[PDB]
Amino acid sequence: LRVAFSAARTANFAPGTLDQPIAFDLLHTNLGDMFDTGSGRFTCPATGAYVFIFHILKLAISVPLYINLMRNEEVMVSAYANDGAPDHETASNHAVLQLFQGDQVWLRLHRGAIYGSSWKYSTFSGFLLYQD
């Protein structure tokens, strides 16, 4: 199988409620058709090891940015960014995860707000490394 996605958000996300999934409207690639832009979820099509990377730019507001990489309902890794000016700042992390078919991987906006524009600062990608 060839499975890879690379997504970006081109409009801000500032929902007004904590702990929301982050949709990504734009895709550069979606090999395998397993990323869903509206929900922001990647669905595992085949048990195996997958690599994920994300970079999220915060709005220049005095609220810190907290991002979680979720697998189903579990926090796998997290990222923090804040600047007191307040200026933009970037919350980023990565993971290599063992997934089972049907598992979903997604980013949660725990706190803060996300910058989106056509220059695609805020991104989320993943790819299949080893298929079972």
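One-based numbering along the sequence shown.
A.B. asks: If you average the CA temperature factors as listed in the entry, which stretch comes out higher, 80-88 or 22-30?
C.D. replies: Comparing 22-30 with 80-88, the higher mean C-alpha B-factor belongs to 80-88.
A.B. asks: Looking at the entry, does 31-39 or 91-99 show the higher mean C-alpha B-factor?
C.D. replies: Here the higher of the two C-alpha B-factor means belongs to 31-39.
A.B. asks: Please pick out which of 46, 56, 51, 105 has the largest Cα B-factor as recorded in the entry.
C.D. replies: It is 46.
A.B. asks: Within this chain's modelled residues, let me know which third the CA B factor of residue 70 belongs to: lowest, middle or highest.
C.D. replies: Tercile = lowest for this residue's CA B-factor.
A.B. asks: Sorting the chain's modelled residues by C-alpha B-factor, tell me whether residue 12 ends up in the lowest, middle or highest third.
C.D. replies: Answer is middle: the recorded C-alpha B-factor places it there.
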